[PDB]
Structure formats: structure tokens, C-alpha cells
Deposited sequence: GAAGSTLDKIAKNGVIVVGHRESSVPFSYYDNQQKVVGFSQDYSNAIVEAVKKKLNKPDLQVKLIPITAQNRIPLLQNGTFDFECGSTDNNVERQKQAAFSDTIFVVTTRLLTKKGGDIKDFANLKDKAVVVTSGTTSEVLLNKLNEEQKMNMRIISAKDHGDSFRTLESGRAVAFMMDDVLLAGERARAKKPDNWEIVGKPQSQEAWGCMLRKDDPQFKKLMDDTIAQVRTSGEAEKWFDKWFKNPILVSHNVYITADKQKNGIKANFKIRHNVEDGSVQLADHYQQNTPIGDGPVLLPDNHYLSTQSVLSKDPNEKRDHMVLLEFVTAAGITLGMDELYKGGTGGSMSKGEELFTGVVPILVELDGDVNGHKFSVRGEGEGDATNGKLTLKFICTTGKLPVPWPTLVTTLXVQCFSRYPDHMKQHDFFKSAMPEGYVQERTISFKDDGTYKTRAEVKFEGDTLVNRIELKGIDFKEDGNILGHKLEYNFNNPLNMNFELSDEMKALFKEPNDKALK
């Protein structure tokens, strides 16, 4: 058979081509910024890093390409990609065409259906439209059940799992059959996740592995070693808790460019606020910052800030309020001044905002602390004038980028700290799609030991029953997904 390895081909070419799935949630799927993410993609990344160390090629490139259940094996055999980790069952029939790593997940094949409907088990599918994803194990099982039991099902074959779920969600099928965890994943992305139930006696139990070409023991050994190390280091259980037991967030990217004319910077970015009906409210941000002082600043090369925030409520606070936890890291440039020295400890923060939106006047006061070493903010905001006339999430970006974590190799690009203590003016236009606009002007500076953000906000042209003045936005940030899925006994055994 083969005398060489895909590892030798990778080393020659300088790139590893990795297949990935498009809608295997939360394992290998596109997030709303088209990043390929998930539990299996974490294994894929670990394997890629293991290939880089094994080949001593620290600058190896990666090229992720999309595959489907239908085309994964033909594209593997003709060399279109080198391996994939996503949601592929290891079985005997497939071992005739491909090789598999050791198992990374174990599932059972079940049904997703509307809560409170007639579908309790597979027997309820008689004479009904049932959706299943083309090219999958469940498609084979569902057709076989339909034929062997003469159930008169109308089996709809959809191109990928999100399409299958949206067939169910729109009423064109009474149930979706698939791996139970993938049903839970599509449910998490639904308009109303809590309307959907997993039901039915399992038709099978399956084990997922990474797929690679046959006759490559060196590459499979590197994968199996990597999987073994992920387990015994505790990372496998930590990745499970990450994807299945905590909110899954999508980072925002604040794109920064120098504005040398003004000795400052500009930025642009988009926020997508979740709407209660399952849609999204786009908020387009334009930003300009100029230093208050007339001394030197750091004028950055282009880069971006990667941001995630968590909103919560203080159970002992009766005023209208928001508790905020925020994490920000600078990126976009590949690998002590006075201003930067001001941020080496924990710095108290004060925020004051005076707002007028469509004539509705309000004020907000916030206090907390920031830890730029860790890119971390913790703040509590109160509406001091009574009820806030807009949703708290629409004010998050307005309510101190000097607390971003700049990596050591990027510290010469940190405009925000360099303007301290005298500070900077931050101005934004925030354009809400199909609705009004906020215009903001803030001064961010030190007053004594405290970092103060004092803002004026003016909002115009809002729709009184739109998503903002109508209070139709969910109290969250970064478009969370929250899985509802039990750690099974089989998975517990896998982790030993």
C-alpha cells in the first residue's frame, strides 16, 4: 500500500487543508461572522498544532474548506482535504473508504418535534412528512424503517442540518430525525428553542471520529495521541462544559485605523442585537477619537479589538439597571510608558451619561473597575431618572477602550492608554437598521485615581413601536446560544 504519509505532503506544501462541516452544531458550524467553530473544531485545531510541532513547521498555514455528509468521502479520496473533525460516524462500511481517529463523541439517533404535539415515538410518524439530512446515517435508518415497517412516510431530504431544522420549524415536516446532540444544536439556534423536544427510542448508538485517508498510520497516530492528551489533561471535559454548559458567544471585531490628521483614530464595527421574535437588530457603529492633550500619542497601524460582554441583573437592585462583564483583546498584527503604567493595576471607573432619544430624556450612572492586564471590565449601571426609555443593550458600546488588553507585541499601537491621563474625546454615530440613530460625544480621562467616561447622547428618528423604543430587544449581548443537552453515561465513560 502507501509508503508515505499525508504528513509528508503537508510538510512539502506548507499548508494543511482541513475539511469542516457547515451546520453540525455545536461541533463544526459557521457562527454569525462565518467563523468555523465548535467542539470538534477545537480538536481540529489541537491536531493542526500537533502537526506543526511534529513537522517542525511553526509557520504552516491552514486552509479550512466546507464539506457535507454527501461529499465528505469523495472529497477525502481525491485529495481535496487532508482530514476533517466534525460529526462523522465511524462504522464498518466507512472504514472501507476512509480511516478514523479514536472516538471524540458518542450519540444516539432520535427525533426533534414540537413540544405538545402528537410525535412521542417513531410509531407516530406513520403517513407523515419527516425531514432528514441528505447523506447521513439517519437518512439510511429512516428509509429502512419506512420500508421495513411500511410506514408511508414522506421523507424530505434536506441539504444540511440547518435546512432540515428550518423545514421542521416552518411546519413542512412533523419531525426531524438525526443524532440527538445535533438536534439539540439546531434547537439552540431556533427562533423559540424551548418549543422543541427530543423524543423517541434511539434507533442506533454511534461514535464520531476524525476522518482521514486510509493507509496512513503515522497521521492517525498523531491524531490519536492528540485526542488521548486532550482527555488526560482534562481539556476534553473542559471543552464539553464550554460548548454544552455555558453560553456560546460570538466576538465582535472593532476595526481601528489611525487618523493622523487629528492625532487620533477612527473605528467601525457592527453589533447585532437579538430581537425577542428571533430576528436581529443591526447597529452600525462609526467612531472617531481625538486626544484632549497636545502631547504625543501612539498612532496605531490598523488592527482590531475582539470583544465579548455578559449582561446580568443584581437581584438586590430595584432600580432599572445593568450589570456588565466585558473582555477585550487587541489583535490583527501577527507576532513602560506613562499612560500604560496607569493601567497596570485595577483602576476604578465612573461613567455618567445624559441621553435624549426622540425627546425622552434620561440619565445613567455607572461605577466599577477595570483590569487592562486581563482586558476585563466589571461595571454596574443605574438609570437615575427612573425607567430607561431604550433597551440597556443599545447603550453598552456607548457606556472605555483604554481597558483593552494589548498583547506585548502590539503595545506600540495602544492609542487609548497613550492619551492618558489627559484623555480623549470619543464620538460615534450609531445607525440602527430600519430605525433611528444615536449620536454620542464622550470625554474619557483620569480624575484623580478614577477613570471617568462622561457622555452626551442624542437619538433621533426612532420608531415609537420599533425594536428600540418598543423594548423588543433581548437582555443579552454577542448573540448567545445555550445548549440543552445531557452528559450521557457513554460520554462520561469516553472521558476516562
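Engineer: Where does the model skip over parts of the deposited sequence?
Structural biologist: Residues lacking C-alpha coordinates: 336 to 348, 413, 511 to 518.
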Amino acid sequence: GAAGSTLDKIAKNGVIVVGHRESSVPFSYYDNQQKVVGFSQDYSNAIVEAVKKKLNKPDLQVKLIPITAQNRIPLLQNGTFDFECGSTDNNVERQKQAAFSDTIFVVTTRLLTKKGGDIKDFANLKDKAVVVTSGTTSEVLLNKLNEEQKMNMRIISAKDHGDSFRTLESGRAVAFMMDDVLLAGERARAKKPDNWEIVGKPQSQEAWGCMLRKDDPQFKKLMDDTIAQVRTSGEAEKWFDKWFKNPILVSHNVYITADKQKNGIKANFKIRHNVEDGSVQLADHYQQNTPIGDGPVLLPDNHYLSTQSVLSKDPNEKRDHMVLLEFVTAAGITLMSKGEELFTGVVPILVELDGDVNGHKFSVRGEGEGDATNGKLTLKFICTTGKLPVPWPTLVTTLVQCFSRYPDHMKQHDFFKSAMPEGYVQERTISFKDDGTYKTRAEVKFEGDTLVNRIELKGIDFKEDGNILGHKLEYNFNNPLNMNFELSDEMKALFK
From here on, numbers count along this sequence of modelled residues.
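Engineer: Averaging CA B factors per stretch from the PDB record, which one is higher: 146 to 154 or 416 to 424?
Structural biologist: Averaged over C-alpha atoms, the B-factors run higher in 146 to 154.
Engineer: On mean Cα temperature factor in this entry, is 5 to 13 or 472 to 480 the higher one?
Structural biologist: Mean CA B-factor is higher for 5 to 13.
Engineer: Highest Cα B-factor in the PDB entry belongs to which of 332, 291, 162, 368?
Structural biologist: Result of the comparison over 332, 291, 162, 368: 368.
Engineer: Out of 464, 443, 447, 42, which shows the largest CA B-factor listed in the entry?
Structural biologist: If I rank 464, 443, 447, 42 by C-alpha B-factor, first place goes to 464.
Engineer: Would you mind checking where the Cα B-factor of residue 276 ranks among the modelled residues of its chain, as the lowest, middle or highest third?
Structural biologist: Middle third - that is where residue 276 ends up once the chain's C-alpha B-factors are sorted.
Engineer: Comparing residue 257 with the other modelled residues of its chain, is its CA B-factor in the lowest, middle or highest third?
Structural biologist: Lowest third, going by the recorded CA B-factors of the chain.
Engineer: What third of its chain, lowest, middle or highest, does the C-alpha temperature factor of residue 219 fall into?
Structural biologist: CA B-factor rank for residue 219: highest third.
Engineer: Relative to the other modelled residues in the chain, which third contains the C-alpha temperature factor of residue 86: lowest, middle or highest?
Structural biologist: Lowest third.
Engineer: Residue 181's Cα B-factor: lowest, middle or highest third of the chain?
Structural biologist: As the PDB entry reports it, the C-alpha B-factor of residue 181 lands in the middle third of its chain.
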